[PDB]
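The chain below stands alone, shown as structure tokens; this is the form deposited in one PDB entry.
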């Protein structure tokens, strides 16, 4: 056999350091121990290992936090489609129990939480044809369906609030911004199933720099005809979110998806020279040079994540991953959170 071929293929290797962990998956001969099955993800490899790390990182944020400021300010960011899905429930649970500090989402992420209190969203199919659905006034969101009557109901609900918002702006001197508006709609919806109802109630601010890119925008638009003058300033909200990072004792970032939401949170944390913890769950890829698809390491070069931080990115659909992450982290510390509130 060719010598060089043998040498190339049969190259010797010294052993790895003792610290090395072996790949090993959950053994179902033990039966189904869900906690152990989930912990086994850590040694399963690929994205399973990253999920395992995300659980450790989020648990570290929480532990730091349990040591109005807290020991660690957690920013929770998500894209609109996640509020359309059932992840809306998971997010509402975290906010209801004051487990995160700052929320930032896109317009869809705001409006659809309120609308779900008015009418439901349904399961559909990715394959459903647009023409046929439009003839029925049904809007398609992935494999989910939002009947357009939902937005008609949203309009009926919202208009009276916009009348009052412009009145208050003009007679009471109110300076409206996306966060102030979102807090208002949250108080107005007055429904325990609402993310913003709870955020408003727990004084957790919600940032959304492009609040006008959606249904709420359409309503603001039409309403501006009979009642012109409403102003939504994005500058004041910039100061608010940035100062939360700046004066935080320590920060963690839990970001689902990419775009403005992801970038906006990481830019705020650059103001303090980087977040101390960062966990991402998104399906974007880096090859196109997009910010949305950038590995957490690129954020390190910008100084948005501390050079000594251990950021984790899980490549996967959050609808699948987020509830499992919450089950193994926040949900496992309910007593600790309550204890901090004097309820345990």
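Shifts are known only where both forms have a C-alpha. So that the term is clear: the rigid core is the largest set of C-alpha atoms that superpose within 1.5 Å between two forms. Residue numbers count along the first chain shown, from 1.
Although it is not shown, the form deposited in another entry is what the next lines describe.
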item: Moved residue between the shown form and the other one - picked from 94, 189, 241, 260, where its Cα shifts 2 angstroms or more relative to the rigid core; value: 260
item: Per-residue C-alpha change between the shown form and the other one, residue 251, threshold 2 Å, rigid core fit; value: no
item: Threshold 2 Å Cα movement between the shown form and the other one for residue 270, core superposed; value: yes
item: Threshold 2 Å Cα movement between the shown form and the other one for residue 49, core superposed; value: no
item: Note on residue 264-residue 194 C-alpha separation in the other form, which departs from the shown form by 3 angstroms or more; value: farther
item: Closer or farther in the other form: C-alpha pair residue 266, residue 204 (3 angstroms or more); value: farther
item: Sequence-ordered runs, three or more residues, C-alpha shift 2 Å or more between the shown form and the other one, rigid core; value: 259-271, 305-310
